[PDB]
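What follows is the content of protein.pdb, which has PDB, C-alpha atoms and all ligand atoms:
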```
ATOM      1  CA  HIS A   1      38.281   5.340 -27.886  1.00  0.00           C
ATOM      2  CA  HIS A   2      40.662   7.738 -26.097  1.00  0.00           C
ATOM      3  CA  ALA A   3      42.583  10.132 -28.270  1.00  0.00           C
ATOM      4  CA  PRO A   4      46.268   9.501 -27.412  1.00  0.00           C
ATOM      5  CA  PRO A   5      48.588  12.238 -26.130  1.00  0.00           C
ATOM      6  CA  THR A   6      50.216  12.720 -29.532  1.00  0.00           C
ATOM      7  CA  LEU A   7      46.807  13.411 -31.073  1.00  0.00           C
ATOM      8  CA  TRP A   8      46.060  16.030 -28.423  1.00  0.00           C
ATOM      9  CA  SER A   9      49.500  17.586 -29.006  1.00  0.00           C
ATOM     10  CA  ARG A  10      48.203  18.640 -32.414  1.00  0.00           C
ATOM     11  CA  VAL A  11      45.530  20.892 -30.877  1.00  0.00           C
ATOM     12  CA  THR A  12      46.970  24.375 -30.789  1.00  0.00           C
ATOM     13  CA  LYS A  13      45.761  27.719 -29.525  1.00  0.00           C
ATOM     14  CA  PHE A  14      45.055  29.930 -32.539  1.00  0.00           C
ATOM     15  CA  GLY A  15      43.413  33.287 -32.833  1.00  0.00           C
ATOM     16  CA  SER A  16      40.200  33.335 -30.859  1.00  0.00           C
ATOM     17  CA  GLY A  17      40.039  29.548 -30.749  1.00  0.00           C
ATOM     18  CA  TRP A  18      42.076  26.556 -31.717  1.00  0.00           C
ATOM     19  CA  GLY A  19      43.423  24.714 -34.673  1.00  0.00           C
ATOM     20  CA  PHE A  20      44.884  21.345 -35.423  1.00  0.00           C
ATOM     21  CA  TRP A  21      48.067  20.041 -37.057  1.00  0.00           C
ATOM     22  CA  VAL A  22      47.065  17.352 -39.557  1.00  0.00           C
ATOM     23  CA  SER A  23      50.730  16.859 -40.485  1.00  0.00           C
ATOM     24  CA  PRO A  24      54.042  18.699 -40.032  1.00  0.00           C
ATOM     25  CA  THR A  25      52.970  21.211 -42.669  1.00  0.00           C
ATOM     26  CA  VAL A  26      49.136  21.269 -42.622  1.00  0.00           C
ATOM     27  CA  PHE A  27      47.138  23.190 -40.011  1.00  0.00           C
ATOM     28  CA  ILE A  28      43.358  23.439 -39.998  1.00  0.00           C
ATOM     29  CA  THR A  29      41.001  25.719 -38.147  1.00  0.00           C
ATOM     30  CA  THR A  30      37.623  27.446 -38.377  1.00  0.00           C
ATOM     31  CA  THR A  31      37.750  30.554 -40.533  1.00  0.00           C
ATOM     32  CA  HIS A  32      36.090  32.938 -38.077  1.00  0.00           C
ATOM     33  CA  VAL A  33      38.773  32.329 -35.430  1.00  0.00           C
ATOM     34  CA  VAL A  34      41.661  33.227 -37.789  1.00  0.00           C
ATOM     35  CA  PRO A  35      43.218  36.649 -37.077  1.00  0.00           C
ATOM     36  CA  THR A  36      43.128  39.082 -39.983  1.00  0.00           C
ATOM     37  CA  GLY A  37      45.514  41.809 -41.037  1.00  0.00           C
ATOM     38  CA  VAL A  38      48.517  39.781 -39.834  1.00  0.00           C
ATOM     39  CA  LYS A  39      51.782  39.259 -41.719  1.00  0.00           C
ATOM     40  CA  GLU A  40      52.524  35.771 -40.473  1.00  0.00           C
ATOM     41  CA  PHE A  41      51.151  32.707 -38.792  1.00  0.00           C
ATOM     42  CA  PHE A  42      53.402  30.883 -36.335  1.00  0.00           C
ATOM     43  CA  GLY A  43      56.224  33.178 -37.426  1.00  0.00           C
ATOM     44  CA  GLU A  44      55.976  32.220 -41.094  1.00  0.00           C
ATOM     45  CA  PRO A  45      55.299  34.919 -43.653  1.00  0.00           C
ATOM     46  CA  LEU A  46      52.077  34.784 -45.624  1.00  0.00           C
ATOM     47  CA  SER A  47      54.100  34.308 -48.801  1.00  0.00           C
ATOM     48  CA  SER A  48      55.268  30.909 -47.537  1.00  0.00           C
ATOM     49  CA  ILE A  49      51.775  29.587 -46.670  1.00  0.00           C
ATOM     50  CA  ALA A  50      49.220  28.174 -49.079  1.00  0.00           C
ATOM     51  CA  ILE A  51      45.803  29.068 -47.712  1.00  0.00           C
ATOM     52  CA  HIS A  52      42.643  27.245 -48.762  1.00  0.00           C
ATOM     53  CA  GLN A  53      39.458  28.291 -47.030  1.00  0.00           C
ATOM     54  CA  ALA A  54      35.799  27.935 -47.830  1.00  0.00           C
ATOM     55  CA  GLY A  55      32.604  27.387 -45.877  1.00  0.00           C
ATOM     56  CA  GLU A  56      34.215  28.219 -42.477  1.00  0.00           C
ATOM     57  CA  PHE A  57      36.970  25.633 -42.984  1.00  0.00           C
ATOM     58  CA  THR A  58      40.512  27.025 -43.225  1.00  0.00           C
ATOM     59  CA  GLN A  59      43.591  25.045 -44.185  1.00  0.00           C
ATOM     60  CA  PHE A  60      47.144  26.377 -44.085  1.00  0.00           C
ATOM     61  CA  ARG A  61      49.913  24.452 -45.779  1.00  0.00           C
ATOM     62  CA  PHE A  62      53.282  25.766 -44.676  1.00  0.00           C
ATOM     63  CA  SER A  63      56.269  25.599 -46.988  1.00  0.00           C
ATOM     64  CA  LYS A  64      58.445  24.373 -44.142  1.00  0.00           C
ATOM     65  CA  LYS A  65      57.886  21.549 -41.713  1.00  0.00           C
ATOM     66  CA  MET A  66      56.515  23.294 -38.649  1.00  0.00           C
ATOM     67  CA  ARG A  67      55.675  20.225 -36.520  1.00  0.00           C
ATOM     68  CA  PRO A  68      58.098  17.489 -37.660  1.00  0.00           C
ATOM     69  CA  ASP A  69      57.257  15.568 -34.492  1.00  0.00           C
ATOM     70  CA  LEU A  70      53.927  14.624 -36.093  1.00  0.00           C
ATOM     71  CA  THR A  71      52.989  11.977 -38.599  1.00  0.00           C
ATOM     72  CA  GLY A  72      50.597  12.966 -41.364  1.00  0.00           C
ATOM     73  CA  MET A  73      47.097  11.758 -40.689  1.00  0.00           C
ATOM     74  CA  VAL A  74      44.036  11.547 -42.890  1.00  0.00           C
ATOM     75  CA  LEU A  75      41.757  14.559 -43.213  1.00  0.00           C
ATOM     76  CA  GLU A  76      38.348  13.723 -44.693  1.00  0.00           C
ATOM     77  CA  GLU A  77      35.342  15.880 -45.658  1.00  0.00           C
ATOM     78  CA  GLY A  78      33.155  14.914 -42.760  1.00  0.00           C
ATOM     79  CA  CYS A  79      32.388  11.355 -41.828  1.00  0.00           C
ATOM     80  CA  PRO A  80      29.650   8.788 -42.462  1.00  0.00           C
ATOM     81  CA  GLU A  81      26.348   9.585 -40.796  1.00  0.00           C
ATOM     82  CA  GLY A  82      26.163   7.906 -37.424  1.00  0.00           C
ATOM     83  CA  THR A  83      29.900   8.094 -36.745  1.00  0.00           C
ATOM     84  CA  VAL A  84      30.710   8.984 -33.160  1.00  0.00           C
ATOM     85  CA  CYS A  85      33.409  11.643 -33.119  1.00  0.00           C
ATOM     86  CA  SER A  86      35.372  13.205 -30.352  1.00  0.00           C
ATOM     87  CA  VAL A  87      35.746  16.978 -30.413  1.00  0.00           C
ATOM     88  CA  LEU A  88      39.184  17.642 -28.965  1.00  0.00           C
ATOM     89  CA  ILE A  89      38.501  20.696 -26.825  1.00  0.00           C
ATOM     90  CA  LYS A  90      41.356  22.033 -24.762  1.00  0.00           C
ATOM     91  CA  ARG A  91      41.102  24.748 -22.192  1.00  0.00           C
ATOM     92  CA  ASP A  92      43.699  27.370 -21.428  1.00  0.00           C
ATOM     93  CA  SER A  93      45.023  25.466 -18.419  1.00  0.00           C
ATOM     94  CA  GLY A  94      45.867  22.537 -20.707  1.00  0.00           C
ATOM     95  CA  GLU A  95      43.001  20.427 -19.405  1.00  0.00           C
ATOM     96  CA  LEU A  96      41.648  18.114 -22.089  1.00  0.00           C
ATOM     97  CA  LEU A  97      37.858  17.951 -22.489  1.00  0.00           C
ATOM     98  CA  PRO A  98      36.883  15.569 -25.280  1.00  0.00           C
ATOM     99  CA  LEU A  99      33.238  15.902 -26.318  1.00  0.00           C
ATOM    100  CA  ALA A 100      31.488  12.863 -27.785  1.00  0.00           C
ATOM    101  CA  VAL A 101      29.129  13.669 -30.667  1.00  0.00           C
ATOM    102  CA  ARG A 102      26.994  11.522 -32.988  1.00  0.00           C
ATOM    103  CA  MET A 103      27.262  12.900 -36.500  1.00  0.00           C
ATOM    104  CA  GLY A 104      24.404  13.600 -38.841  1.00  0.00           C
ATOM    105  CA  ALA A 105      24.146  14.999 -42.335  1.00  0.00           C
ATOM    106  CA  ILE A 106      26.766  16.962 -44.246  1.00  0.00           C
ATOM    107  CA  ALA A 107      25.188  20.060 -45.742  1.00  0.00           C
ATOM    108  CA  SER A 108      25.651  23.694 -46.619  1.00  0.00           C
ATOM    109  CA  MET A 109      24.058  26.019 -44.083  1.00  0.00           C
ATOM    110  CA  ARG A 110      23.997  29.705 -43.233  1.00  0.00           C
ATOM    111  CA  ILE A 111      24.898  30.477 -39.612  1.00  0.00           C
ATOM    112  CA  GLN A 112      24.922  34.106 -38.473  1.00  0.00           C
ATOM    113  CA  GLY A 113      24.945  34.996 -42.149  1.00  0.00           C
ATOM    114  CA  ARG A 114      28.144  33.016 -42.716  1.00  0.00           C
ATOM    115  CA  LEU A 115      28.113  30.121 -45.148  1.00  0.00           C
ATOM    116  CA  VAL A 116      29.102  26.972 -43.278  1.00  0.00           C
ATOM    117  CA  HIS A 117      29.831  23.845 -45.272  1.00  0.00           C
ATOM    118  CA  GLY A 118      29.507  21.480 -42.409  1.00  0.00           C
ATOM    119  CA  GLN A 119      28.231  18.398 -40.721  1.00  0.00           C
ATOM    120  CA  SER A 120      25.657  18.559 -37.948  1.00  0.00           C
ATOM    121  CA  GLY A 121      25.911  16.357 -34.899  1.00  0.00           C
ATOM    122  CA  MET A 122      24.269  15.744 -31.588  1.00  0.00           C
ATOM    123  CA  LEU A 123      26.046  15.828 -28.300  1.00  0.00           C
ATOM    124  CA  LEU A 124      25.928  12.434 -26.610  1.00  0.00           C
ATOM    125  CA  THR A 125      24.565  13.272 -23.163  1.00  0.00           C
ATOM    126  CA  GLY A 126      25.374   9.689 -22.119  1.00  0.00           C
ATOM    127  CA  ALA A 127      29.051   9.791 -23.107  1.00  0.00           C
ATOM    128  CA  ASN A 128      29.999  13.144 -21.614  1.00  0.00           C
ATOM    129  CA  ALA A 129      30.354  14.495 -18.092  1.00  0.00           C
ATOM    130  CA  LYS A 130      27.704  16.990 -17.003  1.00  0.00           C
ATOM    131  CA  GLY A 131      28.451  20.703 -16.722  1.00  0.00           C
ATOM    132  CA  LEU A 132      31.801  22.496 -23.772  1.00  0.00           C
ATOM    133  CA  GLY A 133      31.525  23.542 -27.376  1.00  0.00           C
ATOM    134  CA  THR A 134      29.382  26.485 -26.251  1.00  0.00           C
ATOM    135  CA  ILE A 135      31.946  29.237 -25.628  1.00  0.00           C
ATOM    136  CA  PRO A 136      33.656  31.237 -28.427  1.00  0.00           C
ATOM    137  CA  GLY A 137      37.040  29.895 -27.403  1.00  0.00           C
ATOM    138  CA  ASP A 138      36.132  26.326 -28.378  1.00  0.00           C
ATOM    139  CA  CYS A 139      35.849  26.986 -32.124  1.00  0.00           C
ATOM    140  CA  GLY A 140      38.479  25.331 -34.276  1.00  0.00           C
ATOM    141  CA  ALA A 141      38.682  22.231 -32.118  1.00  0.00           C
ATOM    142  CA  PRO A 142      38.984  19.150 -34.343  1.00  0.00           C
ATOM    143  CA  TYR A 143      36.402  16.416 -34.797  1.00  0.00           C
ATOM    144  CA  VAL A 144      38.212  13.076 -34.876  1.00  0.00           C
ATOM    145  CA  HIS A 145      37.280   9.421 -34.957  1.00  0.00           C
ATOM    146  CA  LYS A 146      39.236   6.213 -34.882  1.00  0.00           C
ATOM    147  CA  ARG A 147      39.097   3.991 -37.956  1.00  0.00           C
ATOM    148  CA  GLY A 148      41.003   0.788 -37.354  1.00  0.00           C
ATOM    149  CA  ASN A 149      44.197   1.647 -35.514  1.00  0.00           C
ATOM    150  CA  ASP A 150      44.302   5.152 -37.023  1.00  0.00           C
ATOM    151  CA  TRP A 151      42.677   8.408 -36.111  1.00  0.00           C
ATOM    152  CA  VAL A 152      40.972  10.475 -38.813  1.00  0.00           C
ATOM    153  CA  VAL A 153      40.155  14.178 -38.589  1.00  0.00           C
ATOM    154  CA  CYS A 154      37.005  15.233 -40.365  1.00  0.00           C
ATOM    155  CA  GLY A 155      36.078  18.761 -39.325  1.00  0.00           C
ATOM    156  CA  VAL A 156      36.623  21.739 -37.060  1.00  0.00           C
ATOM    157  CA  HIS A 157      34.165  23.065 -34.504  1.00  0.00           C
ATOM    158  CA  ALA A 158      32.152  25.934 -35.957  1.00  0.00           C
ATOM    159  CA  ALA A 159      28.759  26.257 -34.305  1.00  0.00           C
ATOM    160  CA  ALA A 160      26.474  24.947 -31.617  1.00  0.00           C
ATOM    161  CA  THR A 161      23.067  25.760 -30.206  1.00  0.00           C
ATOM    162  CA  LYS A 162      22.873  27.672 -26.934  1.00  0.00           C
ATOM    163  CA  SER A 163      22.467  24.381 -25.034  1.00  0.00           C
ATOM    164  CA  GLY A 164      25.306  22.698 -26.930  1.00  0.00           C
ATOM    165  CA  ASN A 165      23.009  19.778 -27.784  1.00  0.00           C
ATOM    166  CA  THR A 166      23.415  20.296 -31.541  1.00  0.00           C
ATOM    167  CA  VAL A 167      26.816  21.103 -33.010  1.00  0.00           C
ATOM    168  CA  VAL A 168      28.261  21.759 -36.444  1.00  0.00           C
ATOM    169  CA  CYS A 169      31.774  21.178 -37.665  1.00  0.00           C
ATOM    170  CA  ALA A 170      33.019  22.853 -40.794  1.00  0.00           C
ATOM    171  CA  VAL A 171      34.326  20.353 -43.328  1.00  0.00           C
ATOM    172  CA  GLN A 172      36.747  20.668 -46.216  1.00  0.00           C
ATOM    173  CA  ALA A 173      35.229  20.454 -49.677  1.00  0.00           C
TER
HETATM  174 CL    CL B   1      48.901  11.255 -33.460  1.00  0.00          CL
END
```
I'd like the structure from this file rewritten - as structure tokens, please.
Ligand SMILES: [Cl-]
Amino acid sequence: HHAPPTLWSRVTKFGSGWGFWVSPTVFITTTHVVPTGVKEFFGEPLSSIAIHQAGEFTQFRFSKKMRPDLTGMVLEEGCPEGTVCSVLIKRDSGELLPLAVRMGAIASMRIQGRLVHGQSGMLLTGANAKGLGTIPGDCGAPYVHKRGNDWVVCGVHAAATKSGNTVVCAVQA
């Protein structure tokens, strides 16, 4: 299942990583990539943004439509165990590098002393090109899967082992 161009157009450079437009007003990312001490995000003052973050998942809901080109899509708290997700990793050049992952259990974990409310997954060696998810710049990339004719987003990239074989997305409680 190939994420279509419009779905990739939601993936946006943010802080030290990426985030994702769920709708014209809702942007999600991983908390540790969010810049701090700033007065605005995407030009909008803090006073016009409703922030909801917990467990390394950050959601911003802007008061104004920031990406009216987008439809609203479903954001879920993780996905059923065994779901194959695509992690929509972009690189700075604009190259698209989707990573296929088989999802495991949703749980609360501590990672580098940070509480991560997340879902573990395993990289699918057999569905990915050899030689992703293992550099700081990849955090915040969305985990998506296709349900019927619709794509669902269910987490943001938060952690991975040194090898990248085991990953964790933060999920919204
Ligand atoms: Cl889309």
query: When the cut-off is 8 Å and you count all atoms listed in the file, which residues lie near ligand CL 1 (chain B), shown as an MDAnalysis selection string?
result: chainID A and resid 4:10 70:71 73 151
Write out, as a PDB file, in the frame of the given file, the residues just selected, with C-alpha atoms.
```pdb
ATOM      1  CA  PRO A   4      46.268   9.501 -27.412  1.00  0.00           C
ATOM      2  CA  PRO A   5      48.588  12.238 -26.130  1.00  0.00           C
ATOM      3  CA  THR A   6      50.216  12.720 -29.532  1.00  0.00           C
ATOM      4  CA  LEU A   7      46.807  13.411 -31.073  1.00  0.00           C
ATOM      5  CA  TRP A   8      46.060  16.030 -28.423  1.00  0.00           C
ATOM      6  CA  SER A   9      49.500  17.586 -29.006  1.00  0.00           C
ATOM      7  CA  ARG A  10      48.203  18.640 -32.414  1.00  0.00           C
ATOM      8  CA  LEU A  70      53.927  14.624 -36.093  1.00  0.00           C
ATOM      9  CA  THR A  71      52.989  11.977 -38.599  1.00  0.00           C
ATOM     10  CA  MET A  73      47.097  11.758 -40.689  1.00  0.00           C
ATOM     11  CA  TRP A 151      42.677   8.408 -36.111  1.00  0.00           C
TER      12      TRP A 151
END
```
Residue 130 of chain A environment, 12 Å, all atoms listed in the file, sequence neighbours closer than 4 positions dropped, as a PDB file with C-alpha atoms, keeping the file's coordinate frame:
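Writing the result to result_34.pdb gives the following:
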```
ATOM      1  CA  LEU A  97      37.858  17.951 -22.489  1.00  0.00           C
ATOM      2  CA  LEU A  99      33.238  15.902 -26.318  1.00  0.00           C
ATOM      3  CA  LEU A 123      26.046  15.828 -28.300  1.00  0.00           C
ATOM      4  CA  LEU A 124      25.928  12.434 -26.610  1.00  0.00           C
ATOM      5  CA  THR A 125      24.565  13.272 -23.163  1.00  0.00           C
ATOM      6  CA  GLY A 126      25.374   9.689 -22.119  1.00  0.00           C
ATOM      7  CA  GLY A 164      25.306  22.698 -26.930  1.00  0.00           C
TER       8      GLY A 164
END
```
task: Give as a PyMOL selection string the residues that the PyMOL selection byres (((chain A and resi 42) around 10) and not hetatm) matches when applied to the coordinates above.
output: chain A and resi 14+40-41+43-45+62+66
query: What would the list of residues within 8 Å of (31.0, 24.1, -36.7) (file frame) look like as JSON, numbers by chain, if only C-alpha atoms are what count?
result: {"A": [30, 56, 116, 118, 119, 120, 139, 140, 155, 156, 157, 158, 159, 160, 167, 168, 169, 170]}
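For the pair atom CA of residue 20 of chain A and atom CA of residue 128 of chain A, the interatomic distance is 21.9 Å.
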field: Given only C-alpha atoms as the counted atoms, nearest of A:172, A:31, A:25, A:36 to residue 108 of chain A
entry: A:172
task: Any chance you could resolve the PyMOL selection byres (((chain A and resi 146) around 10) and not hetatm) against this file and give the residues as a PyMOL selection string?
output: chain A and resi 1-3+83-86+144-145+147-153
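Distances to residue 94 of chain A were evaluated for A:11, A:76, A:131, A:162 using only C-alpha atoms, and the minimum falls at A:11.
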- prompt: Applied to this file, what does the PyMOL selection byres (((chain A and resi 51) around 10) and not hetatm) return in terms of residues, put as a PyMOL selection string?
  reply: chain A and resi 26-28+46-50+52-53+58-62
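Distance annotation: of A:82, A:98, A:142, A:72, the residue with the minimal separation from residue 122 of chain A is A:82; atom set is all atoms listed in the file.
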